[PDB]
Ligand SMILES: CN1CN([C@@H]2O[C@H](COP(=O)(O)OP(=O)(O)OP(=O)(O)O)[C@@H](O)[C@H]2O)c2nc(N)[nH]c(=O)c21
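Next up: a single chain in structure tokens, the form deposited without the ligand.
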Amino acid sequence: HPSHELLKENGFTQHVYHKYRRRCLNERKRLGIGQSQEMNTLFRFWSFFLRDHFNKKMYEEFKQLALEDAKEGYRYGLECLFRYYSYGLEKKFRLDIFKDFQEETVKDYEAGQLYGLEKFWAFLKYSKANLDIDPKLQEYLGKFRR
């Protein structure tokens, strides 16, 4: 499966990927949001690949599509994105993505979900790291733990 060849050490080619991505996005369109298991492989691919091989362009598309699916009630993409945030920022902290992590966690919370908040809390527990947390987010974390 291209999903896996591409994650092997130096096994990524921008040719295999383009074909694979094009194919997944087409099944999503053909079958409907949340209906393509192949699209789900791409969400998983992005979640893992971006941790070691950050590509701003891939990342932006990852987030945009995860959120579109989530708006219609299909969580897997967004669940994959929160795992990217939590596990990736642990290994290689970076400030912009951490800011995005906070913003998407707040949005997830205000939409009545807790998946994102638990991932954020878990990140802080395992984080080695001077963190400045959004006031709203500290507030939400406090309530969650009661």
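Residue numbers run from 1 along the displayed sequence.
Quick note: we don't show the form solved in complex with the ligand, though the next part is all about it.
With a 4.5 Å cutoff on heavy atoms, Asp100 does not count as touching the ligand in the bound PDB entry; it lies far away.
Using a 4.5 angstroms threshold between heavy atoms, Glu61 stays clear of the ligand in the bound PDB entry. A residue is said to contact a partner when one of its heavy atoms sits within 4.5 Å of a partner heavy atom; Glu38 fails this definition for the ligand in the bound PDB entry, lying far away. Using a 4.5 angstroms limit between non-hydrogen atoms, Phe93 is distant from the ligand in the bound PDB entry. Although the partner is absent from the chain shown here, none of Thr105, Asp134 and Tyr140 has a heavy atom within 4.5 Å of the ligand in the bound PDB entry.
Residues placing heavy atoms within 4.5 Å of the ligand in the bound PDB entry fall in a single listed stretch, namely 81-89, out of 105-113, 22-30, 81-89, 63-71.
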